[PDB]
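Colleague: Below you will find the structure I want to go over with you.
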Amino acid sequence: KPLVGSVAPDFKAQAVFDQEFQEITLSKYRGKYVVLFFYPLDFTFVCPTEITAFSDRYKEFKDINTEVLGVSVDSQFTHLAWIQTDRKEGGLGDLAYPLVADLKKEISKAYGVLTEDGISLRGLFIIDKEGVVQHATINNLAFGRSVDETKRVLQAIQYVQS
Amino acid sequence: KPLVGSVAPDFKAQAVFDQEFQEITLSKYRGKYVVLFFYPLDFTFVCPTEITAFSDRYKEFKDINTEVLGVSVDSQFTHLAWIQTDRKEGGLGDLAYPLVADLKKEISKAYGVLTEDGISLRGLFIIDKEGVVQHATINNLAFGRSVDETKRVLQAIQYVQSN
Amino acid sequence: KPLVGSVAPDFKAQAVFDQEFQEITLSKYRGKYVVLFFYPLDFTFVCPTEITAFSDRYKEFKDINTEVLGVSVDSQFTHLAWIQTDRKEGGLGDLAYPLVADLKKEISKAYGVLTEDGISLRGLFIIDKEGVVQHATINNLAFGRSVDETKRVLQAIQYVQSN
Amino acid sequence: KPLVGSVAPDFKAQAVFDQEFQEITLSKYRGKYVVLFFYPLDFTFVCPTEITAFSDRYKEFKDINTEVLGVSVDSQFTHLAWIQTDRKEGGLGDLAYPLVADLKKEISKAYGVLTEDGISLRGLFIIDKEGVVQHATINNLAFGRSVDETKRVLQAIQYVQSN
Amino acid sequence: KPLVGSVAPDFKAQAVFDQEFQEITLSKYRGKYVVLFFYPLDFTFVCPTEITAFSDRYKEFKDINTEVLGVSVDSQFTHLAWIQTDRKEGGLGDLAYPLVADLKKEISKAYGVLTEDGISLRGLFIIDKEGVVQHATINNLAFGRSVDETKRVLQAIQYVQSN
Amino acid sequence: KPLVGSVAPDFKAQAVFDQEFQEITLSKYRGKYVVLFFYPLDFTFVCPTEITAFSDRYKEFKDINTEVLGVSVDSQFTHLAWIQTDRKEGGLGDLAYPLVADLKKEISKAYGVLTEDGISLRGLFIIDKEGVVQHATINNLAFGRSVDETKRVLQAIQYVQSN
Amino acid sequence: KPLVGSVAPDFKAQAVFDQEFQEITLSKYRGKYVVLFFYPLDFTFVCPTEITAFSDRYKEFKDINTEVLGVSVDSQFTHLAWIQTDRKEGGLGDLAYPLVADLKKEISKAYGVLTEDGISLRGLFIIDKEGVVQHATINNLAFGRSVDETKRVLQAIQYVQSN
Amino acid sequence: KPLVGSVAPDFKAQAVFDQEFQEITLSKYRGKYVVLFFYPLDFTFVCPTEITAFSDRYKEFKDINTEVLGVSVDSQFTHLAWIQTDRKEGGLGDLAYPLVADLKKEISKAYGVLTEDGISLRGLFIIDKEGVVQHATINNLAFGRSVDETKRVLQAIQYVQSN
Amino acid sequence: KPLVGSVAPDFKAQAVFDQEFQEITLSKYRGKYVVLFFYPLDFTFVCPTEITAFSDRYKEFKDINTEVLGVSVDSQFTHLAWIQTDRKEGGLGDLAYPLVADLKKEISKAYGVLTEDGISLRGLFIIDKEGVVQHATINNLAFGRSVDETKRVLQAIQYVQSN
Amino acid sequence: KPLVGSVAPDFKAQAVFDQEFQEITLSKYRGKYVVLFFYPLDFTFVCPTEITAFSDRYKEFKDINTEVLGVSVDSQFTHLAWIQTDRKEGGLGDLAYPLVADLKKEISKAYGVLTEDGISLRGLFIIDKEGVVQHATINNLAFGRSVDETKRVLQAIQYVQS
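Chains as they are written, first to last, in my numbering: chain A, 1 to 162; chain B, 163 to 325; chain C, 326 to 488; chain D, 489 to 651; chain E, 652 to 814; chain F, 815 to 977; chain G, 978 to 1140; chain H, 1141 to 1303; chain I, 1304 to 1466; chain J, 1467 to 1628.
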């Protein structure tokens, strides 16, 4: 019954990568660890430090066979405009990993983070090479996601599986 | 059964007038005519002629007791960011009328224009002073909708409701 | 769920063409664009401009690979008596395209335009060569249908479906 | 269970009488006998003697406290055009009794005469002063209705109910 | 849905013919017309002319390839005692055609003539050579049925079905 | 669950008594014993001694405060014709007690004696002063019922219910 | 529906015969008539003449190809103790036919004689050589069963089935 | 769900005490401990030690505020015949406590010990003063019930329910 | 229905023999007798006499072809920690037999000894060589169960299954 | 639908505190923050550092109006024996906060951490003064719970609510 310990619900969605549109399938990433995270909405007045921190430190995750995937319920087109908007004027700047458009709210619903208001909560899941969910962190409010702690829990999971 | 002829499904939703957020309610427009239109998505590579041409001629609609309302399934923050982008680099510029945020997709649903993809088709309904839908234009593809033609239909409707 | 952007409901019905009874199947028009319109009742005191305008201008539509079909819930025999009544004495005159009998109301119901009175609303549907609805105009009340506006929307649908 | 022996299903409908539209309620004929008959369609090539024979002899029913109501699934507007067409050219000529429009097909259905084709069978029904159905004659095919035999049954119901 | 126009419900029941008990199957009359009639009860005080008139004129039906069957909800034994009572003392006298016993009331029910009192109305059905019901007359009271009118209707149906 | 031991299902039905039609209600015999019996049909070739033996000895039952009722599924009219046929010619002759018509077959059904052929078995029920069933005999064929044994059983029940 | 006229419900049960336990199957008596009777309880203060009269006269049934089976809801062990008690002290004495234990109450229930108290009513049933129930007598109360009248019915069923 | 530790199902039943019939209600024993035991059948060839041992030693149980009730599915009349049979001739003799008739099997079913054979298993239940089951011993087969062991478990239940 | 007499519900669960973990399966004991007992909880202030006295005399059970199995709803790690605690400070010391861990509570459920509190009552079942439950002792409260008495019942059972 | 953001399912259960048995009701703690955590089972061979770390540092949570509650599905009696077993021999040693007995598995089921094997997963929830769940961390495997990070997320929630 619990999402942690079970096989990660698969998905096919539009994403922006290297400022172009492509189709992403979660199970195409098997053989690799995935850090899948949800944030409510693009173009808010909340500083997007939860997305940009992972972009600036993306190299540390590639170098340990981890991909990173960000998800909100905004369209591929909203993601792309937010990525081409500078950090200084409320944007994201270039982004090193895919930003997923959950336009039908099926990914947020499947992972248990969709609220009645039509947006996901703040939430992170670490998925193993065989596609099993080994960790979930879910936040009702905007405070720090520590990138140091995300990486610690992820190295703790790699250690225990080898 | 049919939407045209029936009383307009009501909705309470967030919107953007004058670069501020406000809750708007359809029924709080009874005694004005409403041009309610839907479009797929903010920030597309489709030129937003449909939205901007209504803005640029809004004067004419104010002047025959009519409100204009656009809707998509995008958030209210997305609407503000598209309004605050200049037309020259893919935006709307200042919008003379509320742009409604169907974020839950419930307005599109109740008007029969939500698709399997999670976005609305291009559709325009005309709602009269009493709230009853008198007209619907629904388009699958992008092609310059005639504001001249929309306005003709609004006047023919206005003409027949005073005779 | 939306009619527009889905495959047009097929139908097999009696119609009047060149003053004779004929079986019409919508899907036999695949390869051609179809302007399919609905009006309420034959032999009313409303001028039938929305039907004679398409007759006089039929050539403009045939020259861009387009059939026209009008539909009411009246019988085929009612249609033929209305076609053989002159425009002078309240009728249609000679008509250049088929007029369809929706006598069971199955067509009006499946296109979303059957009222609880047992008649269709005033409605227009453009259907492409592969049998998909691209456009829908539905009116509660009688005014002009602009044949200019129909031709515009049709030709914009034709231009978009090459490029 | 059987229609004959039970209280005639009431209807409110449009009718043509003295070339004008009016609302008929079957229950406002209590106090009078009603001959209620159904025929399939207006403007066919079947000679309408089932309607015209009753009209031509209508004084004979009026003078024995009897109304005649004819019914088909055509509109008020088709009924008027048929009444205003001369017998010589396939019309009815002036009609002496109301012609009822069963546009929704609810009267045909309640009287068990609606076919899968959306038209009624030929049927006649005699309804008494208290609105009970005393007689039904139902025909799959077209041949002469004897007005003399209809009147024989009518007067036999009158004679039995006098005693 | 209407009985008239559809295949006659078949039955296998006891009958009295030529003062003897036999089993009658309706479908074994395929190739002949059938006048099937229903009356309420044997041994009432209503003079039975609706039965005996057909007996006395049976040869006229037999000469146009038509069988006559009478049905009530009484037993074959009640039928035989009634047939063997003289007309002076209340009975039928010899009967030239089968009198069918609908003891389980199934035939009355299937033809739509069974009342809540457990008896049939007075009812008459003309069934063609293929077993389709072409005509029904149904009376709530003893008004008198005309053998001449039955015979005229039957010959009209035979005339129509050869042309 | 067993009928014997429980309150007799009440009935209101037509009967023939003293050559006249009257309505019989079982519960109106409260205060008296009832021999209720059922036989299949009137006017059969089985000699009716099961009915006439009780007629000829009725005074014996009346003198011990007991009514006799006979029931079949035949009409009151069939009952009266049978009562008015002499015993030599197949009938009952005068009958001293009511012969009840179970025309809707409800009484046969409630007492558990209705067969699939739409007739009752031969059955006899003794019902006491409070309306409770104390005895049943039920025969599949005409074996002969003994009035002496019926009478012995009745007096045994009367003897037991006073001590 | 009725038990009488239908194939006797089969049972497999323990019985006492010649003071020993054995399994009885009702269907192994095909070829023979069976008188099957039910009584409430063993060891009551009601004189058991309903059981002992049949035993004392058992040769008379055996010599007309008839078995006698008595049934109650008591156990095989209670039946044996009752058979081994002298008549003088409330027993049966030696019994000439099997006494069947309806310990689960399934036989009482299948024969419609089980009361809400968990015992059977007094009932007798005659079953023929093919295992059809031809006769049933059911009693709410205790009085003399005439063995002569049981034998009269038995032999009447034998005589009717010989012909 | 468990019987043990829940309130004992109440029951109202016929029993035999001091050779007379008495109505026993389990809940009238509130204020006293109850040893309630079940055995299969009276008058078997098994020695009834599990019942005579409790009789001889009844005083030991009454002196610690404890009633005893034995239960079988046999009738009260069966019980009395078994009590009035000497131990020498296969019986109980004089019995110091009530023996209960579970004739409808309702008691055996509600204590969980009714087999599909229609008899109870060998079972024992100790019930405290407030009507709660504290103990259950259930055996498939016949051996000793140790009255020493019952008395032990009872007195340990009594000692625990002070302290 | 009842557990005693029926085949023992099987279970696959973790256990503790010789201070190691092993999966045990009831049915892999067929051809030995099993004493299966349940107790509420590990590490209570109740002296574990029931568990230790069976250990201390296990020799006697090994010697008459019998296994012992204790069960509670506690984890297998809890069982090891209670076994590895000396009797003097609240523990079991070395246990001569498997101690089963009903962690999912499914064994207790299937044996009818799970309470609303989530723990088993004190219960003992004896299962024979073929797997059929022949005995059940169920206790609500804590009182020294007699190992002498349990063993007597196991031998009586053993005695009867060789005769 | 999501447990984070919603009102915390209330419970009444047996617990051990100061080595005695008492009844705990979660809603008796309203007016205070609660850190409610689940661990699989008592008396395992896994070092219980996830329980003892919070016991040793309990004072830091009392001093910021937080109570701590540990839950497994073992009985009140199993908890007490584990608490009176020394750390050196696989026990817990004295314990500064209640250890809850979820004997019927109703608390584990309500919080979404009960597996099919009859035990909770490793999981932590921070509940606000008004009884709303503002955080969830759920782990499929035994690695570090950081007490430093638990306290950071908890101080982040206090900050944002005042």
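Backbone N, C-alpha and C define an ideal beta-carbon position, used for all residues, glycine too.
Would you list, in chain order, the members of the region 788-802 of chain E that have their beta-carbon closer than 9 Å to a beta-carbon of chain F?
Modeller: none
Colleague: Listing by chain order, which chain D residues have their CB less than 9 Å from the CB of C/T369?
Modeller: Neighbours of C/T369 on chain D, chain order: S563, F565.
Colleague: Please give me, in chain order, every unbroken run of the beta strand (DSSP E) with length at least 3 that falls completely inside the region 495-579 of chain D.
Modeller: 500-505, 508-513, 521-526, 554-560
Colleague: Compute the Euclidean distance between the alpha carbons of H/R1262 and H/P1180, then round it to the nearest angstrom.
Modeller: 7 Å
Colleague: What span of residues does the alpha helix (DSSP H) with F/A924 cover, start to end?
Modeller: 920-924
Colleague: Can you list, in chain order, the residues of its chain whose CB lies under 7 Å from that of B/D204, leaving out five sequence neighbours each side?
Modeller: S234, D236, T240, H241, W244
Colleague: May I ask which residues mark the beginning and end of the alpha helix (DSSP H) holding A/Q155?
Modeller: Unbroken alpha helix (DSSP H) run through A/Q155: 147-161.
Colleague: If you reduce the DSSP assignment to three classes, tell me which class D/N628 lands in.
Modeller: Looking at D/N628 - three-state DSSP - the assignment turns out to be coil, as it is neither helix nor strand.
Colleague: Report the residues of the region 442-456 of chain C with a CB closer than 8 Å to any CB of chain D, ordered along the chain.
Modeller: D442, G443, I444
Colleague: Quickly, what does DSSP pair J/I1585 with across the bridge? List them, please.
Modeller: Answer by DSSP bridge pairing: none, since J/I1585 is not bridged.
Colleague: Mind checking who B/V294 pairs with in its DSSP beta bridge?
Modeller: B/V169
Colleague: Across which residues does DSSP place A/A101 in a beta bridge pair?
Modeller: A/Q14, A/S72
Colleague: Which chain A residues sit within Cβ distance under 8 Å of B/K266?
Modeller: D117, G118
Colleague: Using 8 Å as the threshold, is the region 942-955 of chain F in touch with the region 815-822 of chain F, meaning 3 or more CB pairs across them?
Modeller: As far as the Cβ criterion goes, the region 942-955 of chain F touches the region 815-822 of chain F, which means the pair count is three or higher.
Colleague: Once you ignore the five residues that flank D/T554 on each side, which residues in its own chain have a CB closer than 8 Å to its CB?
Modeller: Closer than 8 Å at the Cβ level, and outside the excluded window around D/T554, lie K520, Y521, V522, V523, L642.
Colleague: Please classify A/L114: does DSSP put it in a helix, a strand, or coil?
Modeller: strand
Colleague: Go through its chain and collect everything with a Cβ distance to E/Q665's Cβ below 7 Å, but skip five positions before and after it.
Modeller: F672, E674, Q727, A752
Colleague: Which residues of the region 988-1003 of chain G have a Cβ closer than 8 Å to any Cβ of chain H? Give them in chain order.
Modeller: Across the region 988-1003 of chain G, no CB contact with chain H closer than 8 Å is found for any residue.
Colleague: Can you find the residues in the same chain that come closer than 6 Å, C-beta to C-beta, to F/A822, ignoring five residues on each side of it along the sequence?
Modeller: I941, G945, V947
Colleague: Could you check what DSSP says for G/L1101 in three-state terms: helix, strand or coil?
Modeller: strand
Colleague: Who are the Cβ neighbours of J/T1491 in its own chain at under 6 Å, not counting the five residues just before and after it?
Modeller: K1478
Colleague: Which whole-angstrom value is the C-beta distance of residue 1482 of chain I and I/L1427, which I expect to be below 8 Å?
Modeller: The question about residue 1482 of chain I has no answer here: the residues shown for chain I are numbered 1304 through 1466.
Colleague: Beta carbons nearer than 7 Å to chain B: which residues of the region 31-43 of chain A have them?
Modeller: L41, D42, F43
Colleague: Does any C-beta atom of chain H lie closer than 9 Å to the C-beta of I/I1460?
Modeller: yes
Colleague: Hey, out of J/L1569, J/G1578, J/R1611, whose CA is closest to J/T1515's CA?
Modeller: If we check each option's Cα against that of J/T1515, J/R1611 comes out closest.
Colleague: Less than 9 Å between the beta carbons of D/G606 and C/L428, yes or no?
Modeller: yes
Colleague: Determine the contact status of B/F207 and B/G252, defining contact as a CB-CB distance below 9 Å.
Modeller: For B/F207 and B/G252, yes; Cβs fall inside 9 Å.
Colleague: From A/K151 to I/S1423, what distance separates their C-alpha atoms?
Modeller: 46 Å
Colleague: If you draw a straight line from the C-alpha of J/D1476 to the C-alpha of J/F1503, how long is it?
Modeller: 14 Å
Colleague: Comparing C-alpha positions only, which one of I/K1331, I/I1410, I/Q1464, I/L1372 sits nearest to I/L1398?
Modeller: I/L1372
Colleague: Round the Cβ separation of H/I1204 and H/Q1298 to the nearest angstrom and send it over; I've been treating them as touching at under 8 Å.
Modeller: 6 Å
Colleague: Are the beta-carbon atoms of J/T1518 and J/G1559 separated by less than 9 Å?
Modeller: yes
Colleague: Between J/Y1563 and J/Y1524, how many whole angstroms is the CB-CB distance? I'm expecting something under 8 Å.
Modeller: 6 Å
Colleague: Does chain B have any CB closer than 9 Å to the CB of A/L80?
Modeller: By this cut-off, A/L80 is an interface position.
Colleague: Is it the case that the Cβ atoms of D/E637 and E/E711 are separated by a distance below 9 Å?
Modeller: no
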